[PDB]
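Comments concern the structure below.
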Amino acid sequence: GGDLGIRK
Amino acid sequence: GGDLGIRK
Amino acid sequence: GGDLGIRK
Amino acid sequence: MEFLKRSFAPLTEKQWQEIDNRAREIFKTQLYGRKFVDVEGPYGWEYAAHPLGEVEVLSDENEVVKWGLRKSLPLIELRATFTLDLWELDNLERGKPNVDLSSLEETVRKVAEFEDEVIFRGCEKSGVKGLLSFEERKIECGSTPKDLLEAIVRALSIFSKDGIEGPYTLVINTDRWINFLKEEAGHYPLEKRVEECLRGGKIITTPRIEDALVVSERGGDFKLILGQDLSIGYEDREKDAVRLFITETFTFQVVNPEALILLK
Amino acid sequence: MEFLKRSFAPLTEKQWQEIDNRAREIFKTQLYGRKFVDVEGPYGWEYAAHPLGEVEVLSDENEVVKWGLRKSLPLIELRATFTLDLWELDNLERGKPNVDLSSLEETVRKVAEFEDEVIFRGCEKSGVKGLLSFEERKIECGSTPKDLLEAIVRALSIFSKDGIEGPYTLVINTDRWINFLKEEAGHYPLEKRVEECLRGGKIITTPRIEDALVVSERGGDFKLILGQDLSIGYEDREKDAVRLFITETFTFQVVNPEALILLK
Amino acid sequence: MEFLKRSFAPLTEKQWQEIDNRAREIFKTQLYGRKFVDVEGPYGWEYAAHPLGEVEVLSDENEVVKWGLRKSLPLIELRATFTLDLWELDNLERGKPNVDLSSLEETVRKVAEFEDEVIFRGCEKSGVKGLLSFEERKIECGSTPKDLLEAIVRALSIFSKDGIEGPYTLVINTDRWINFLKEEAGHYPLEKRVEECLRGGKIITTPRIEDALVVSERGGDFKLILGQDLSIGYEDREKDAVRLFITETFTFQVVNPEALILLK
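Residue numbers (the working numbering), protein chains in the order written: chain A, 1 to 8; chain B, 1001 to 1008; chain C, 2001 to 2008; chain D, 3001 to 3264; chain E, 4001 to 4264; chain F, 5001 to 5264.
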């Protein structure tokens, strides 16, 4: 798959 | 409640 | 896969 | 639905549902739009715009982080208020079978007219291209019974070359159909010959367009997109009357225009 | 099927099958050939020729080991390439309902036209005698409604004496049929009178022939012989577009010509 | 996620995740925006606009069916392409520990800068009012250590009268903080005196603003609204290099501005 996944 | 509910 | 699949 | 603050209206059970049923009866036969396009189930009172699925480039090649906006299609909220006489609806409880709610009947029809307008020509203001604006899908049609049959079959043939096929439907001006029924007066029913040349299709007469229209109801070509479907709520009380209203939230898009053919 | 190197095209699931479905919808109503001939299930991507079942004598009585070749009927491979805008099919994923793939729509139709051509007149180059080349099975027909009915019943009678009987079908020029529908304007539906005089047969209008045609769909008289059926594959990537194609492998033979009647 | 057509890039497992990790490392410390606002979990690649929850009246009292549009807040899509040397990433497989992907490092940072720009001043074009555009929430601040402490406590007091209270945070220009650290050179750590006057708050130095900023991270006052979160995909192959990219889909709104205090 893909995405990257950051989020604070 | 509410609404009316039509949709063909 | 592939193909398309028509035939009457 | 909590927001149409219906619980706060000075109205009985019998009263509320008597109002509801009246409006339901009219909308059912007067929302000519919905008789042949499909509806996309209520997305919710707060749905604000339906995504169109494109970008709006807004950057030079001078910028490294190129970017744009996502085209959406904002929904119209409408709100048609009207007044009903309290000491008259009270009469429903005294026994009165027909209560005088013509105030409502009209309001309903006007909301109906509204929606059809947007389905048929659209609000440019809202970004929706109506049905009749699709010029490329216009063909010429006569005025004889024979000229109509001809039109139909030529239409069914434009569809045939686009792969477009559902059941086929004839939308048609009410008075125009009275006129075709003039010359086809008891030789053989026009109704059945049109329905035959449509391959088992149906015919909808309507006072919302002036000419004629042919679509396939194979589905997924004419989305009416509902947010909050047609509902009735309560606004306020004016001494000896009640002010209710009629809200809706919606938009519309012609997806596959090739399922559409306009006439003369 | 592995060779249509589809896995190597820069396309999503949604994307591939959205391309496939579009082509399938058109092929279904535009392969007029298949609507009434029968198809011989896919023999395989490598099937090279369909045996005709004769010998080609090639020896004098001067030779002792007499001999010849076996007449076969080599299949046509066709390959119709076309281009689609990548950063536009990408839009399918952004949400866009109708993606602009008219580049494909046309290519499909042209492949359709091609096959019909071979079924109706054949490639002399490939050894296939088309449908209309069977002169011996031509009869004269008028231009009235009445003249057609006449034709039909006379046809049903040429069959009757060859033992040929299935359901019967009327293949007929699209415009020609609009013309017979002129004089038969609401006395009684031509549709049903033709279907009746055909003994419950059907009627196919088509822009592939200029006159008319009558066959029995009893089967096994008009073999369309498929090797690899109509498929879509991937050829290459042109910077900002994709080059897909449409392949097929086939031939055609009219087995029992007496199941065929040509018109005026 | 299928659309970032990553499977089609000529890269190994090791390679892909080596690229990913590098970008993740940078984004984590360079997305100064997200260090103190909250994020609204990915709504999906096709989310087009975030509802604002208002109507845009568009009708006279001349019309009976009054109506308007629903204010939404369209999301920016951004796409920052960049190139990497293939025969160099190949080296990762040969054993090479640090592979030269500075081409990527920069692109990442530029995307980072972009987002912060929108959080901090907004694109007028997109409809988002940046953080610093809230003039009513500006107060004057000195340049001594003592002048800062003063600012803080006066701020904590404007919050106190709006009911606004979370843990409190100091966003502050990197260089400006070096300067306050000049006069507070080993009498007692400024770090701790600020954190104390903030009531256990934290301090974020940043090169994204020139002055200072105070917020409460109590939450739900500064929504960064994500559609598809920051991802890497594959665009194409340029002979001996690969063109990847960095997409995102988002917008931003300052909900409760009273959780915000700007400085000198």
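Cβ coordinates follow ideal geometry from the N, Cα and C atoms, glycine included.
Quick one: what does DSSP say residue i is sitting in, helix, strand or coil?
i: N3179/D; result: helix
i: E5093/F; result: helix
i: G5233/F; result: strand
i: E3002/D; result: coil
i: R5034/F; result: helix
i: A4048/E; result: coil
i: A3009/D; result: coil
i: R3022/D; result: helix
i: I4209/E; result: coil
i: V5111/F; result: helix
i: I5261/F; result: strand
i: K4129/E; result: coil
i: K5028/F; result: helix
i: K3014/D; result: helix
i: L3244/D; result: strand
i: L4226/E; result: strand
i: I4204/E; result: strand
Here's the rule I'm using: 16 or more other beta-carbon atoms within 10 Å means buried, otherwise exposed. How should residue i be labelled?
i: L3181/D; result: exposed
i: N4062/E; result: exposed
i: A3185/D; result: exposed
i: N4091/E; result: buried
i: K5005/F; result: buried
i: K3096/D; result: exposed
i: residue 3267/D; result: Here chain D has residues from 3001 to 3264 only, and residue 3267/D is not among them.
i: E5238/F; result: exposed
i: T3169/D; result: buried
i: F3008/D; result: exposed
i: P3207/D; result: exposed
i: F4120/E; result: buried
i: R3094/D; result: exposed
i: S3160/D; result: buried
i: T3029/D; result: exposed
i: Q4017/E; result: exposed
i: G3200/D; result: exposed
Taking the Cβ atom as the reference point for each residue, do residue i and residue j lie within a distance shorter than 9 angstroms?
i: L3156/D; j: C3197/D; result: yes
i: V5118/F; j: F5250/F; result: yes
i: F5082/F; j: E5106/F; result: yes
i: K3223/D; j: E3054/D; result: no
i: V4111/E; j: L4084/E; result: no
i: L3226/D; j: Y3234/D; result: no
i: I4172/E; j: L4213/E; result: yes
i: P3257/D; j: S3216/D; result: no
i: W4045/E; j: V4057/E; result: no
i: residue 5315/F; j: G5122/F; result: Only positions 5001 to 5264 of chain F appear in the structure, and residue 5315/F is not among them; the question remains open.
i: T4144/E; j: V3153/D; result: no
i: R3218/D; j: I3164/D; result: yes
i: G5127/F; j: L5073/F; result: yes
i: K5129/F; j: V5254/F; result: yes
i: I3019/D; j: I3203/D; result: no
i: residue 5267/F; j: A5023/F; result: An answer regarding residue 5267/F cannot be provided, because it is not within the stretch 5001 to 5264 covered by chain F.
i: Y3188/D; j: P4010/E; result: no
i: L4260/E; j: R4137/E; result: yes
Any heavy atom of the ligand ATP closer than 8 angstroms to the Cβ of residue i?
i: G5219/F; result: This structure lacks the ligand ATP, and indeed carries no ligand of any kind.
task = Just list the beta strand (DSSP E) runs in the region 3132–3196 of chain D, keeping only unbroken ones of 3 residues or longer that don't cross its boundaries, in chain order.
result = Here the runs fully enclosed are 3168–3173.
### Task
Name, going along the chain, the residues of the region 5032–5049 of chain F whose beta-carbon falls closer than 8 angstroms to a beta-carbon of chain E.
Taken in chain order, the members of the region 5032–5049 of chain F whose beta-carbon sits within less than 8 angstroms of a beta-carbon on chain E are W5045, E5046, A5048.
Exercise for the section: Taking a Cβ distance cut-off of 9 angstroms, strictly less, list which residues of the region 4210–4243 of chain E are near chain C, in chain order. Expected result: Residues passing the 9 angstroms Cβ filter: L4224, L4226, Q4228, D4229, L4230, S4231, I4232, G4233.
Worksheet item: Which residues, taken in chain order from the region 3016–3027 of chain D, show a beta carbon closer than 9 angstroms to some beta carbon of chain B?
Response: For the region 3016–3027 of chain D, the set of residues with a beta-carbon nearer than 9 angstroms to any beta-carbon of chain B comprises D3020, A3023, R3024, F3027, in chain order.
Q | chain D contacts from the region 4165–4194 of chain E (Cβ-Cβ distance under 7 angstroms) | A | Those would be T4174, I4178, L4181, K4182, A4185, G4186, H4187, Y4188, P4189, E4191, in chain order.
For the region 3058–3102 of chain D, which segments carrying the beta strand (DSSP E) assignment without a break, of at least 3 residues, lie completely within its bounds, in sequence order? Fully enclosed beta strand (DSSP E) runs of 3 or longer: 3066–3074, 3076–3085.
| message | Any C-beta of chain D within less than 9 angstroms: which residues of the region 5070–5090 of chain F qualify? | response | Only those residues of the region 5070–5090 of chain F whose C-beta falls short of 9 angstroms from the nearest C-beta of chain D are listed: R5070, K5071, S5072, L5073, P5074, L5075, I5076, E5077, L5078, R5079, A5080, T5081, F5082.
query: Of the residues that make up the region 5109–5134 of chain F, which ones have a beta carbon closer than 7 angstroms to any beta carbon in chain D?
result: Going along the region 5109–5134 of chain F in chain order, one finds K5110, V5111, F5114, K5125, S5126 with a Cβ nearer than 7 angstroms to chain D.
Interface positions of the region 3051–3070 of chain D facing chain E (Cβ-Cβ less than 8 angstroms), listed along the chain = Flagged, chain order: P3051, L3052, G3053, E3054, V3055, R3070.
Original post:
Going along the region 3001–3017 of chain D in order, which residues come within less than 7 angstroms of chain B, judged by CB to CB distance?
Top reply: Those residues of the region 3001–3017 of chain D that come within reach of chain B (Cβ to Cβ, closer than 7 angstroms) are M3001, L3004, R3006.
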